[PDB]
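Data file: structure-v5.txt. Format and content: compact mmCIF, C-alpha atoms.
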```
# COMPACT_ATOMS: atom_id res chain seq x y z
CA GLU A 1 -26.34 14.94 -2.18
CA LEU A 2 -23.81 12.13 -2.67
CA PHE A 3 -20.05 12.33 -3.22
CA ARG A 4 -18.14 10.28 -5.82
CA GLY A 5 -14.69 8.71 -5.75
CA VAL A 6 -12.52 5.72 -6.59
CA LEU A 7 -10.06 3.47 -4.76
CA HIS A 8 -7.63 1.35 -6.77
CA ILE A 9 -6.73 -2.12 -5.52
CA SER A 10 -3.63 -3.51 -7.21
CA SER A 11 -3.35 -7.28 -7.51
CA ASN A 12 -0.37 -7.28 -5.12
CA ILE A 13 -2.78 -6.48 -2.27
CA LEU A 14 -4.75 -9.68 -2.87
CA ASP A 15 -1.56 -11.72 -2.48
CA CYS A 16 -1.06 -10.50 1.11
CA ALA A 17 -4.39 -11.91 2.33
CA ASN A 18 -4.24 -13.59 5.74
CA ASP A 19 -6.66 -16.00 7.41
CA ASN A 20 -9.00 -13.23 8.59
CA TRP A 21 -9.75 -12.39 4.95
CA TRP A 22 -10.17 -16.03 3.91
CA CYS A 23 -12.13 -17.26 6.96
CA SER A 24 -14.82 -14.58 6.61
CA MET A 25 -18.12 -15.68 8.17
CA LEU A 26 -20.40 -13.24 6.33
CA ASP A 27 -22.96 -14.25 3.72
CA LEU A 28 -22.48 -13.37 0.04
CA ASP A 29 -25.93 -13.82 -1.50
CA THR A 30 -25.14 -14.93 -5.06
CA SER A 31 -28.59 -16.42 -5.71
CA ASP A 32 -28.86 -13.98 -8.65
CA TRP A 33 -25.16 -13.47 -9.37
CA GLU A 34 -22.20 -15.18 -10.94
CA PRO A 35 -20.18 -17.60 -8.76
CA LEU A 36 -17.84 -15.53 -6.57
CA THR A 37 -14.47 -17.28 -6.32
CA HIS A 38 -10.75 -16.52 -5.91
CA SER A 39 -9.98 -12.77 -5.81
CA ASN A 40 -13.53 -11.88 -6.88
CA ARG A 41 -14.78 -13.48 -3.65
CA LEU A 42 -11.94 -11.88 -1.68
CA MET A 43 -12.97 -8.46 -2.98
CA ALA A 44 -16.65 -9.22 -2.38
CA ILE A 45 -15.76 -10.19 1.20
CA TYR A 46 -13.73 -6.99 1.62
CA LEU A 47 -16.55 -4.83 0.26
CA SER A 48 -19.06 -6.59 2.51
CA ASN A 49 -16.65 -6.19 5.44
CA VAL A 50 -16.38 -2.43 4.93
CA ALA A 51 -20.16 -1.99 4.65
CA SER A 52 -20.77 -4.08 7.78
CA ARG A 53 -18.54 -1.87 9.93
CA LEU A 54 -20.14 1.19 8.30
CA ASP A 55 -23.77 0.30 9.08
CA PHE A 56 -22.98 0.65 12.81
CA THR A 57 -20.21 3.25 12.51
CA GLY A 58 -19.93 6.48 14.47
CA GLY A 59 -18.61 9.98 13.87
CA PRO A 60 -19.01 11.81 10.56
CA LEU A 61 -19.95 8.55 8.79
CA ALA A 62 -22.95 7.85 11.03
CA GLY A 63 -26.27 8.33 9.28
CA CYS A 64 -24.55 8.32 5.90
CA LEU A 65 -25.87 6.81 2.69
CA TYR A 66 -23.37 4.70 0.76
CA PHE A 67 -23.11 2.65 -2.43
CA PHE A 68 -19.85 0.79 -3.04
CA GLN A 69 -19.18 -1.13 -6.26
CA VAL A 70 -16.05 -3.20 -6.85
CA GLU A 71 -15.29 -3.87 -10.52
CA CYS A 72 -12.54 -5.45 -12.57
CA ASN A 73 -10.07 -3.05 -14.12
CA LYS A 74 -11.11 -2.69 -17.74
CA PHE A 75 -7.69 -3.11 -19.37
CA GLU A 76 -5.45 -4.66 -16.69
CA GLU A 77 -5.30 -6.91 -13.67
CA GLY A 78 -6.51 -5.55 -10.35
CA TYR A 79 -9.74 -3.95 -9.18
CA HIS A 80 -11.20 -0.53 -8.47
CA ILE A 81 -13.97 0.39 -6.02
CA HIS A 82 -16.47 3.04 -7.06
CA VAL A 83 -17.38 4.95 -3.89
CA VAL A 84 -20.61 6.93 -3.56
CA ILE A 85 -21.25 8.29 -0.07
CA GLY A 86 -22.94 11.24 1.63
CA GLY A 87 -24.30 12.24 5.03
CA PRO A 88 -24.85 14.93 7.66
CA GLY A 89 -21.45 14.45 9.29
CA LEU A 90 -19.66 14.10 5.95
CA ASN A 91 -18.30 17.22 4.25
CA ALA A 92 -15.53 18.24 1.87
CA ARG A 93 -13.08 18.84 4.73
CA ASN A 94 -13.22 15.21 5.93
CA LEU A 95 -14.50 13.16 2.98
CA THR A 96 -11.10 11.90 1.84
CA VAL A 97 -9.81 11.24 5.35
CA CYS A 98 -13.02 9.45 6.37
CA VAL A 99 -13.19 7.25 3.26
CA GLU A 100 -9.49 6.41 3.44
CA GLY A 101 -9.68 5.65 7.15
CA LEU A 102 -12.75 3.44 6.77
CA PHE A 103 -11.48 1.29 3.89
CA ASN A 104 -7.92 1.02 5.22
CA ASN A 105 -8.82 0.24 8.85
CA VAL A 106 -10.68 -2.84 7.60
CA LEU A 107 -7.93 -3.79 5.14
CA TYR A 108 -5.22 -3.73 7.83
CA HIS A 109 -7.08 -6.53 9.61
CA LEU A 110 -6.96 -8.78 6.53
CA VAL A 111 -3.42 -8.53 5.11
CA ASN A 112 0.11 -9.71 5.88
CA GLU A 113 1.96 -6.67 4.49
CA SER A 114 1.70 -2.92 4.99
CA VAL A 115 -0.73 -1.59 2.36
CA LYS A 116 -2.70 1.62 1.91
CA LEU A 117 -5.55 2.54 -0.42
CA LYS A 118 -5.67 6.08 -1.79
CA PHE A 119 -9.09 7.69 -2.22
CA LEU A 120 -9.43 9.94 -5.26
CA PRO A 121 -12.65 11.99 -5.29
CA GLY A 122 -14.55 12.96 -8.41
CA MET A 123 -13.87 16.63 -9.09
CA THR A 124 -15.84 19.18 -11.09
CA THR A 125 -14.31 21.60 -13.60
CA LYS A 126 -13.62 24.03 -10.72
CA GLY A 127 -12.04 21.41 -8.44
CA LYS A 128 -15.07 21.15 -6.16
CA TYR A 129 -16.13 17.66 -5.13
CA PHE A 130 -18.85 16.16 -7.29
CA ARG A 131 -22.26 15.74 -5.67
CA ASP A 132 -24.18 13.79 -8.35
CA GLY A 133 -23.51 10.37 -6.85
CA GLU A 134 -27.08 9.07 -6.87
CA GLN A 135 -27.37 9.85 -10.59
CA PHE A 136 -23.93 8.29 -11.08
CA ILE A 137 -25.38 5.16 -9.46
CA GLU A 138 -28.49 5.32 -11.63
CA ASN A 139 -27.00 6.17 -15.03
CA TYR A 140 -23.78 4.15 -14.83
CA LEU A 141 -23.06 1.98 -11.79
CA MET A 142 -26.36 0.08 -11.81
CA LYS A 143 -26.05 -0.51 -15.58
CA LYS A 144 -23.08 -2.85 -15.13
CA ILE A 145 -23.57 -6.60 -15.52
CA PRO A 146 -21.46 -9.20 -13.66
CA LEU A 147 -18.79 -10.06 -13.67
CA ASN A 148 -17.88 -6.63 -15.03
CA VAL A 149 -19.16 -5.49 -11.67
CA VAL A 150 -17.84 -8.05 -9.19
CA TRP A 151 -19.77 -7.11 -6.05
CA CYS A 152 -21.77 -4.25 -4.58
CA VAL A 153 -22.99 -3.03 -1.19
CA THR A 154 -25.43 -0.28 -0.29
CA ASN A 155 -27.83 0.95 2.38
CA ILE A 156 -30.05 3.01 0.05
CA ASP A 157 -33.65 1.86 -0.21
CA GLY A 158 -34.32 0.59 -3.72
CA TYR A 159 -30.72 -0.47 -4.28
CA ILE A 160 -30.66 -2.46 -1.01
CA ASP A 161 -31.62 -5.54 -3.05
CA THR A 162 -31.37 -4.60 -6.74
CA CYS A 163 -27.66 -3.73 -6.60
CA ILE A 164 -26.56 -7.39 -6.37
CA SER A 165 -29.31 -8.67 -8.68
CA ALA A 166 -27.98 -9.62 -12.11
CA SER A 167 -31.50 -9.85 -13.54
CA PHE A 168 -32.36 -6.36 -12.29
CA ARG A 169 -29.08 -4.93 -13.60
CA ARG A 170 -29.94 -6.24 -17.07
CA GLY A 171 -33.21 -4.33 -16.73
CA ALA A 172 -31.45 -1.05 -16.00
CA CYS A 173 -29.45 -1.67 -19.18
CA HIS A 174 -32.45 -2.32 -21.43
```
Would you mind giving the structure from this file in structure tokens?
Amino acid sequence: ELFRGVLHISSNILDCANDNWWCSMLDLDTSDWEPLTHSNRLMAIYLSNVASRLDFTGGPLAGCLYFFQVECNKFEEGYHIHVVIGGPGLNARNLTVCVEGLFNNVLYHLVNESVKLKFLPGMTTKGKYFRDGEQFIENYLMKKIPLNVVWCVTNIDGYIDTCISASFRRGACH
């Protein structure tokens, strides 16, 4: 059903933030989260920005189900976005180009320097794109606790609210 992939965000990209990134007007509901500040807020804004444009997007990404999770790199500085997405217009021949276009088109608006994110899809043993994204969400992504997971966006019923709920994420762990 749902594809899987990762985008890496080096810390150099955060340094190039312009006023459009900082002066974001969108609401980050941290009523059940850790305080989002500095680059964690910048990445939460970016992830919320990409989802916002996606909810009313057209083309192959219209009518798609998505679940994006930005997390801190486990051993280094920087972040990585776990990307789970799937839909009628979305197939293996355009998945990479659609995901890279979507995330980069938003990022261009928010930075001072020329940057590009590279999408790397999860591959099976035979090189075919993985399609176990919903179970990846359930068994792994939703079992992260902030601020290991920094922010999260989704349009899938059930995760629409639980995904940014620290108390619910601790339930999926236990």
### Selection near residue 123 of chain A, 12 Å with only C-alpha atoms, sequence-local residues under 2 positions removed, as a list in words
residues 3, 4, 5, 6, 92, 120, 121, 125, 126, 127, 128, 129, 130, 131, 132 and 133 of chain A
Each segment 59-173 of chain A residue no farther than 10 Å from segment 37-43 of chain A, nearest pair in Å, all atoms listed in the file, as a Markdown table:
```
| residue | atom | partner | partner_atom | distance |
| --- | --- | --- | --- | --- |
| A:70 | CA | A:43 | CA | 7.2 |
| A:71 | CA | A:40 | CA | 9.0 |
| A:72 | CA | A:40 | CA | 8.6 |
| A:78 | CA | A:39 | CA | 9.2 |
| A:79 | CA | A:43 | CA | 8.3 |
| A:80 | CA | A:43 | CA | 9.8 |
| A:81 | CA | A:43 | CA | 9.4 |
| A:147 | CA | A:40 | CA | 8.8 |
| A:149 | CA | A:40 | CA | 9.8 |
| A:150 | CA | A:40 | CA | 6.2 |
| A:151 | CA | A:43 | CA | 7.6 |
| A:152 | CA | A:43 | CA | 9.9 |
```
Would you mind exporting C-alpha atoms of the selected residues as a PDB file, in the coordinates of the input?
```pdb
ATOM      1  CA  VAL A  70     -16.050  -3.200  -6.850  1.00  0.00           C
ATOM      2  CA  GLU A  71     -15.290  -3.870 -10.520  1.00  0.00           C
ATOM      3  CA  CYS A  72     -12.540  -5.450 -12.570  1.00  0.00           C
ATOM      4  CA  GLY A  78      -6.510  -5.550 -10.350  1.00  0.00           C
ATOM      5  CA  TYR A  79      -9.740  -3.950  -9.180  1.00  0.00           C
ATOM      6  CA  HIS A  80     -11.200  -0.530  -8.470  1.00  0.00           C
ATOM      7  CA  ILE A  81     -13.970   0.390  -6.020  1.00  0.00           C
ATOM      8  CA  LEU A 147     -18.790 -10.060 -13.670  1.00  0.00           C
ATOM      9  CA  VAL A 149     -19.160  -5.490 -11.670  1.00  0.00           C
ATOM     10  CA  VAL A 150     -17.840  -8.050  -9.190  1.00  0.00           C
ATOM     11  CA  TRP A 151     -19.770  -7.110  -6.050  1.00  0.00           C
ATOM     12  CA  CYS A 152     -21.770  -4.250  -4.580  1.00  0.00           C
TER      13      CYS A 152
END
```
Once you add 8 Å to each side, what are the centre and edge lengths of the axis-aligned box holding all listed atoms of segment 49-67 of chain A? One decimal in Å, as lines of an AutoDock Vina configuration file, if you can.
```
center_x = -21.3
center_y = 2.8
center_z = 6.0
size_x = 25.9
size_y = 34.0
size_z = 32.9
```
### Task
For atom CA of residue 116 of chain A and atom CA of residue 138 of chain A, quote the distance in Å rounded to one decimal.
29.4 Å
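Nearest-residue note for residue 142 of chain A: choosing from A:99, A:86, A:67, A:106, the minimum distance belongs to A:67, counting all atoms listed in the file.
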Neighbours of residue 30 of chain A within 9 Å (all atoms listed in the file; same-chain residues fewer than 4 positions away dropped), as a PDB file with C-alpha atoms, in the coordinates of the input?
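The new file selection-v5.pdb reads:
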```pdb
ATOM      1  CA  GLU A  34     -22.200 -15.180 -10.940  1.00  0.00           C
ATOM      2  CA  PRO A  35     -20.180 -17.600  -8.760  1.00  0.00           C
ATOM      3  CA  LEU A  36     -17.840 -15.530  -6.570  1.00  0.00           C
ATOM      4  CA  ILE A 164     -26.560  -7.390  -6.370  1.00  0.00           C
ATOM      5  CA  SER A 165     -29.310  -8.670  -8.680  1.00  0.00           C
TER       6      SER A 165
END
```
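Selecting by distance to (-11.9, -15.1, 7.8) with a limit of 12 Å and using all atoms listed in the file, one obtains residues 17, 18, 19, 20, 21, 22, 23, 24, 25, 26, 27, 41, 42, 45, 46, 49, 109, 110 and 111 of chain A.
Atom CA of residue 66 of chain A lies 15.8 Å from atom CA of residue 44 of chain A.
Excluding residue 103 of chain A itself and same-chain residues fewer than 3 positions from it, the residues having an atom within 10 Å of it are residues 7, 46, 47, 49, 50, 51, 53, 54, 98, 99, 100, 106, 107, 108, 116, 117, 118 and 119 of chain A, counting only C-alpha atoms.
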Can I get the selection written as a PDB file, in the frame of the given file, with C-alpha atoms?
```pdb
ATOM      1  CA  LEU A   7     -10.060   3.470  -4.760  1.00  0.00           C
ATOM      2  CA  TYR A  46     -13.730  -6.990   1.620  1.00  0.00           C
ATOM      3  CA  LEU A  47     -16.550  -4.830   0.260  1.00  0.00           C
ATOM      4  CA  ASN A  49     -16.650  -6.190   5.440  1.00  0.00           C
ATOM      5  CA  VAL A  50     -16.380  -2.430   4.930  1.00  0.00           C
ATOM      6  CA  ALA A  51     -20.160  -1.990   4.650  1.00  0.00           C
ATOM      7  CA  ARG A  53     -18.540  -1.870   9.930  1.00  0.00           C
ATOM      8  CA  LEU A  54     -20.140   1.190   8.300  1.00  0.00           C
ATOM      9  CA  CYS A  98     -13.020   9.450   6.370  1.00  0.00           C
ATOM     10  CA  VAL A  99     -13.190   7.250   3.260  1.00  0.00           C
ATOM     11  CA  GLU A 100      -9.490   6.410   3.440  1.00  0.00           C
ATOM     12  CA  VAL A 106     -10.680  -2.840   7.600  1.00  0.00           C
ATOM     13  CA  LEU A 107      -7.930  -3.790   5.140  1.00  0.00           C
ATOM     14  CA  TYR A 108      -5.220  -3.730   7.830  1.00  0.00           C
ATOM     15  CA  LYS A 116      -2.700   1.620   1.910  1.00  0.00           C
ATOM     16  CA  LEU A 117      -5.550   2.540  -0.420  1.00  0.00           C
ATOM     17  CA  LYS A 118      -5.670   6.080  -1.790  1.00  0.00           C
ATOM     18  CA  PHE A 119      -9.090   7.690  -2.220  1.00  0.00           C
TER      19      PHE A 119
END
```
### Query
Taking only C-alpha atoms into account, which of A:48, A:31, A:9, A:115 comes nearest residue 167 of chain A?
A:31
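With all atoms listed in the file as the basis for measurement, A:85 is the residue among A:85, A:59, A:141, A:174 that approaches residue 1 of chain A most closely.
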### Message
Need to verify the contact set: residue 63 of chain A, 12 Å, only C-alpha atoms, exclusion of same-chain residues closer than 4 positions in sequence. Can you return it as number ranges by chain?
### Response
A: 54-59, 85-90, 155-156
